[PDB]
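Asker: One structure, as structure tokens, below. Some questions next.
Number of protein chains: 2
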Amino acid sequence: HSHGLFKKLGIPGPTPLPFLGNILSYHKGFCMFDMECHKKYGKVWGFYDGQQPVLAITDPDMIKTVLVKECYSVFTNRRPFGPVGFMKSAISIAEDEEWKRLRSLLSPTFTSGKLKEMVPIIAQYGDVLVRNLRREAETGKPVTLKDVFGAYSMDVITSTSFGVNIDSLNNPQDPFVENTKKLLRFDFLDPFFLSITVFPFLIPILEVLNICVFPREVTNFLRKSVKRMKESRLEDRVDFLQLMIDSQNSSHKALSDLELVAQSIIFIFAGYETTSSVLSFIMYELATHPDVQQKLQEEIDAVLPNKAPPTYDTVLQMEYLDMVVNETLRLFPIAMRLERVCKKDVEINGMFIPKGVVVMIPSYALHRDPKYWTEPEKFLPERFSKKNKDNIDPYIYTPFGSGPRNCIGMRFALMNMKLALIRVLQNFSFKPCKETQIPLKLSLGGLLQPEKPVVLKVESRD
Amino acid sequence: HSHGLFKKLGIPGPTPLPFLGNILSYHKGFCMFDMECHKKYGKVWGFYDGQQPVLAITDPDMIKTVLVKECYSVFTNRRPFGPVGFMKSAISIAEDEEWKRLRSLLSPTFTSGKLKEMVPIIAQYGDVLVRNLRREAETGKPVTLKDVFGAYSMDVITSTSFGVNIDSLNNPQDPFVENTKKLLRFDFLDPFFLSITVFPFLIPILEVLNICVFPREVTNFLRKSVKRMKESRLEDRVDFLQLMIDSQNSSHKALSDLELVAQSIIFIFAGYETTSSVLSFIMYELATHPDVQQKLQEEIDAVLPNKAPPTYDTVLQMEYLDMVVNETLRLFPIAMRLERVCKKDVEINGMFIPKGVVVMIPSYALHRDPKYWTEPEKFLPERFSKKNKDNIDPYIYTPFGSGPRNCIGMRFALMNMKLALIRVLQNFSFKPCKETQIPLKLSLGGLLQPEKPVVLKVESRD
Ligand code: HEM
Ligand code: HEM
Ligand SMILES: CC(C)N[C@@H](CSC[C@H](Cc1ccccc1)NC(=O)OC(C)(C)C)C(=O)NCc1cccnc1
Ligand SMILES: CC(C)N[C@@H](CSC[C@H](Cc1ccccc1)NC(=O)OC(C)(C)C)C(=O)NCc1cccnc1
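In the order they appear, the protein sequences are chains A and W.
Positions 28 to 263, 268 to 281, 286 to 497 (the UniProt record's numbering) are the ones given, in order, by the first sequence.
Positions 28 to 263, 268 to 281, 286 to 497 (the UniProt record's numbering) are the ones given, in order, by the second sequence.
In structure tokens:
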């Protein structure tokens, strides 16, 4: 059973039911379960996802050893979560030596250099986003942000990774738009993924029936799509695909054709719903904190007078904008948790850790700990002012994780989201509607997302 | 193992491999496997779908006992085929007493009476089909029949079962059109369904993970869609839904709300790809047999002079049209086989049949038997002339099965397909293109469908 393990080592936690372990306590979501545990049990605790032991840790020293010092030797991989098919070769899923080789063949894709190159592409779709917004702003109808930010996020994905150029909002039925919309963030508390936790032995079975968590058709579409573009650019700069094609010419072992496809898909999956979700959470805070929206709009006009177009350099110039983005990510860190599988009997910061345990960092709960954040629930961007940004522990605030396996798309994600904000706020202000949910409720599911979706009023600064 | 059963009873057949049984012999498809067996082995034979024994029978007496005389007592159900979820309640899947109750609450829906009522609806989409065809006939581009007949078939389904009215071809992106297109005939020789045959014990497992062969979203869409229409017509004639709603007012036990949904879905699944597939096979024969198309066009003009609109009565008037439809269904009976599970030790026409065996009628192969059809591969509509239609055994030619469990949608299916043909042939002629596959090859898969899809030239009789 292994349900005696934490009781032995002296670690506290909720008592597990047979077979289910502690999963019935997810009825209120990971976020509410994690805070409770931190409160009830202290700096460390333990629980069981079925029979799999999970050790939670909240001490910044312990957290650093795990994600940095002993990342290569001990805590290199994440927990498997379901049948993956050929997506086993995607960087975020791959393990150990395959992972290290993959992370290397793809890191130059995410340098500040290649990213400054991509700025003018992502900018062009700032414009598209505006026109589409004004069309809803010239017709005084409340607006669903995720719909319009999704269309933008999508637009940016297609171009920055394949060269394809569509305003998805107006071609909602373009093939390259349909498949991609199906690529939604996995709800790890829906019937299926729960069942996987009760029956992880079911995972092999499903794999032998080529059942996949990435719908077989979406993937089949993109593979040939990629294997077509591969053989249309070759032969006839500047997207993720080309960067990867260019890499399997001129670790090591180059990148396989199918390995290349899986990375294409993962970048899509990672960047789509996330970008659009964070952008929604930020407009929710700007509409319910009018000062902050006004202070930010003023800042944007000074750097970019005359609605001047944002550039890479003038984006990194804006401090309040960076403050606002970070404080949103504090209150809504959409990964919720960080996790590593401990692959060896180990002892770190004076605590034994037996093989196979899952080490977990409860990010959401640390972001709202009163022991590090005064008034943690209030939206106060000044926590991140260059005055106070020094009193913030990088192992307490980790919206992109930390260490060698942190978010590879971090710089890009922030740059994408900020370009969107600048062009939007150059043009509109955003006001609560009667139908706006104040104060926002987080979904009880396994996603950090709003219970009810965000709807606001949008007015032209003209 | 049970792999000794046929060897014992004195029945011949191919030797089964361990675990796989005879399935490796499906590499050429059910149709080619069935003919071979009939040839090699005679009037009866046996084989194993994994460990499940299947007895084939080709004697018309034996076939009648099975589908008619002993249908209620012995051969009431079909073989399960995969995880079905809530679609377990659909008539074609349900079993025994539930089946008999369902077949009864739905039979009045398929009377000649209700069907004559539906004629003017299905006719209106004959017109739509024309306009769309002429648009491709005024632009001399070869035409893919299944695309244009699919759009028609779809159009007819939506209206005859929910009142919805769209020209799907031009609204290819209407929600009510997207879901329905996913409802495609199951390929019982793709990786998944084969695996089910090797691991039928996997079926329970999949059911406990709410995995379904009817994609959970399509079904989720229609349920609420139906539960909306149910509560918009009620309260504010003339489709399958209303007929079923009217039935759960004024066997017995009425029809449950969820039972009603499953029938809605099955009619869609049954009528969509089938109608469009048969209609394609018929235009393939009319284009490669120009006499027959001309003789039929002449017949239509005499009954309906001046492109007069077809009616129920003038449709049943047309004999050559009926001949042509039937002879197509002979060469392409798209179910391929009929099957019943023997639920008891039984002895019929002097042959023992142990419990649990699957009794199978190899329709495709009987339709092409030289022992009943001279020149079986030739397309000769005169086999069905009212002169020779008496020399045809109803248990050899069974495109809709036979007995209490035969195709409930038969009259409707024929009437739909004939209305389509009349309106089309009143207006166009259909000629081979260079890119037409002559002679058509049947797919080696588990569907009766063309290897390559049918493309023809379409000319206005104007
Ligand atoms: C607001 C946007 C995003 C947020 C908040 C976010 C957050 C995270 C977090 C917390 C992790 C886990 C880090 C760890 O385990 O320590 C992660 C991993 C990852 N992210 Fe993101 N992410 C975002 C957008 C993106 C984008 C746009 C990409 C585009 C390529 C991307 C690619 C990845 C990859 C590939 C990994 C796994 C890396 C590895 O295992 O080596 N992410 N992300
Ligand atoms: C060209 C069109 C069609 C052909 C060739 C066809 C053929 C067949 C065949 C061979 C069977 C099995 C009969 C048996 O087991 O003896 C069947 C069953 C069935 N068909 Fe069709 N079919 C067609 C269209 C339709 C349509 C339009 C509907 C619309 C409602 C429909 C509804 C059903 C149902 C419900 C069953 C199962 C009945 C029961 O189990 O009681 N079919 N069909
Ligand atoms: C393979 C994929 C399905 N599983 C992850 C592996 S990476 C860790 C993720 C990151 C994440 C970030 C934001 C929102 C959701 C998830 N989940 C993580 O919280 O783990 C537990 C749920 C605690 C087990 C993946 O690759 N996701 C692609 C991606 C998405 C978003 C940002 N960056 C990358
Ligand atoms: C539940 C559904 C997935 N399975 C069938 C049960 S009915 C027997 C069918 C009929 C059929 C006709 C034409 C084309 C394909 C199938 N298959 C049959 O050949 O069985 C074996 C494959 C030999 C095992 C169902 O309900 N199909 C709805 C339907 C479709 C078409 C016509 N009428 C009804």
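Note that the Cβ used here is the ideal one computed from N, Cα and C, for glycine as well.
Would a check of beta-carbon distances place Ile232(W) closer than 8 Å to chain A?
Answerer: Yes, contact with chain A.
Asker: Using a cut-off of 8 Å between C-beta atoms, extract the partners of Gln200(A) located in chain W.
Answerer: Result: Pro199 and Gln200.
Asker: Name the chain W residues whose beta carbon is nearer than 7 Å to that of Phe176(A)?
Answerer: By Cβ distance, chain W contributes nothing, its closest Cβ being about 22 Å from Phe176(A), past 7 Å.
Asker: Mind listing which residues of the stretch 199 to 225 of chain W have their C-beta closer than 9 Å to chain A's C-betas, in chain order?
Answerer: Those residues of the stretch 199 to 225 of chain W that come within reach of chain A (Cβ to Cβ, closer than 9 Å) are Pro199, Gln200, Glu205, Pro218, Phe219, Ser222 and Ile223.
Asker: Taking the CB atoms as reference points, tell me whether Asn49(W) and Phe74(W) lie closer together than 8 Å.
Answerer: Contact: yes.
Asker: CA-CA distance, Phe387(A) and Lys413(A)?
Answerer: The alpha-carbon atoms of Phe387(A) and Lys413(A) are separated by roughly 37 Å.
Asker: Using only CA atoms, which one of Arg128(W), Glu374(W), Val394(W) and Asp326(W) lies nearest to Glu382(W)?
Answerer: Among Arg128(W), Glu374(W), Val394(W) and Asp326(W), the Cα nearest to that of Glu382(W) is on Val394(W).
Asker: Distance check for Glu494(A) and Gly167(A), CA to CA, integer angstroms please.
Answerer: Approximately 8 Å, taken between the alpha carbons.
Asker: Within the 8 Å Cβ cut-off, does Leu236(A) reach chain W?
Answerer: Yes, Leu236(A) counts as interfacial toward chain W.
Asker: At a Cβ cut of 9 Å, what residues of the stretch 46 to 66 of chain W count as close to chain A, listed as they run along the chain?
Answerer: Cβ contacts with chain A come from no residue of the stretch 46 to 66 of chain W.
Asker: Can you find a C-beta in chain W that's less than 8 Å from the C-beta of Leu293(A)?
Answerer: No, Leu293(A) lies away from the interface with chain W (no Cβ there is under 8 Å from its Cβ).
Asker: Can you tell me the Cα-Cα spacing of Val240(A) and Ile300(A), whole angstroms?
Answerer: Rounded to whole angstroms, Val240(A) to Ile300(A) spans 13 Å at the Cα level.
Asker: Look at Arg458(W) and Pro325(W) and say whether their C-beta atoms are less than 8 Å apart.
Answerer: No, they are not a contact pair.
Asker: Would you tell me roughly how many angstroms separate the C-alpha atoms of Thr85(W) and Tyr99(W), rounded to the nearest one?
Answerer: Their backbone Cα atoms lie some 21 Å apart in a straight line.
Asker: Could you name the residues of chain B that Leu229(W) contacts, counting a contact when the two beta carbons are closer than 8 Å?
Answerer: The chain labelled as chain B is not found among the protein chains of the depicted structure, namely A and W.
Asker: Do residue 17(A) and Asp292(A) have their C-beta atoms within less than 8 Å of each other?
Answerer: No statement about residue 17(A) is possible, as the shown extent of chain A runs from 28 to 497 and does not include it.
Asker: Can you check the stretch 414 to 470 of chain A for any beta strand (DSSP E) of at least 3 residues that lies completely inside it and give the ranges in chain order?
Answerer: You should have 463 to 467.
Asker: Quick one: is the Cβ of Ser478(W) within less than 7 Å of any heavy atom of ligand 3?
Answerer: No, since every heavy atom of ligand 3 falls outside the 7 Å radius drawn around the Cβ of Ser478(W).
Asker: What span of residues does the beta strand (DSSP E) with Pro325(W) cover, start to end?
Answerer: It is not in any beta strand (DSSP E) - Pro325(W) instead sits in the alpha helix (DSSP H) that spans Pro325 to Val338.
Asker: In whole angstroms, give me the CA-to-CA distance for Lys55(W) and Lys66(W).
Answerer: Rounded to the nearest angstrom, the two C-alpha atoms are 16 Å apart.
Asker: Report the option in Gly385(W), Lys406(W), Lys492(W) and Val489(W) whose CA atom is closest to the CA atom of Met89(W).
Answerer: With distances taken between Cα atoms, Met89(W) lies closest to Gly385(W).
Asker: Decide if the stretch 142 to 161 of chain A is in contact with the stretch 186 to 194 of chain A; the criterion is three or more beta carbon pairs, one per stretch, under 8 Å apart.
Answerer: Yes: the two stretches touch, three or more of their Cβ pairs being nearer than 8 Å.
Asker: For the alpha helix (DSSP H) holding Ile223(W), just list the boundary residues, first then last.
Answerer: Here the alpha helix (DSSP H) through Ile223(W) covers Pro218 to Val225.
Asker: Which residues share a DSSP beta bridge with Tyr75(W)?
Answerer: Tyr75(W) pairs with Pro80(W).
Asker: By alpha-carbon positions, which one of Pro474(A), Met275(A) and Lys466(A) ends up nearest to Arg496(A)?
Answerer: Comparing Cα-Cα distances from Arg496(A) to each of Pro474(A), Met275(A) and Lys466(A), the minimum goes to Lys466(A).
Asker: Would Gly153(A) and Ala455(A) be called neighbours here (beta carbons separated by less than 8 Å)?
Answerer: The answer is yes: Cβ separation under 8 Å.
Asker: So, with DSSP's three-state summary, where would you put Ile184(A)?
Answerer: Three-state DSSP puts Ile184(A) in a helix.
Asker: Any heavy atom of ligand 5 closer than 7 Å to the beta-carbon of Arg440(A)?
Answerer: Summarising the ligand content, the structure contains ligand 1, ligand 2, ligand 3 and ligand 4 and does not contain ligand 5.
Asker: For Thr363(A), does the count of other Cβ atoms within 10 angstroms reach 16, so buried, or fall short, so exposed?
Answerer: Buried is the call here.
Asker: Are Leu272(A) and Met256(A) touching if we call contact CB-CB under 8 Å?
Answerer: Yes, the Cβ-Cβ distance between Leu272(A) and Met256(A) is below 8 Å.
Asker: Between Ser139(W) and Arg243(A), what straight-line distance do the alpha-carbon atoms span, to the nearest angstrom?
Answerer: Answer to the nearest angstrom: the Cα atoms are 43 Å apart.
Asker: Where DSSP assigns a beta bridge to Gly48(A), which residues make up the other side?
Answerer: Answer is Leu44(A) and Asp76(A), bridged to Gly48(A).
Asker: Assign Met445(W) to one of two classes, buried (16 or more other C-beta atoms within 10 Å of its C-beta) or exposed (fewer than that).
Answerer: Label assigned to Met445(W): exposed.
Asker: Below 8 Å on the Cβ atoms is my contact criterion, and I expect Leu351(W) with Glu334(W) to pass it. Report the Cβ-Cβ distance as a whole number of Å.
Answerer: No, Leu351(W) and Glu334(W) are not in contact; Cβ-Cβ is about 13 Å, not under 8 Å.
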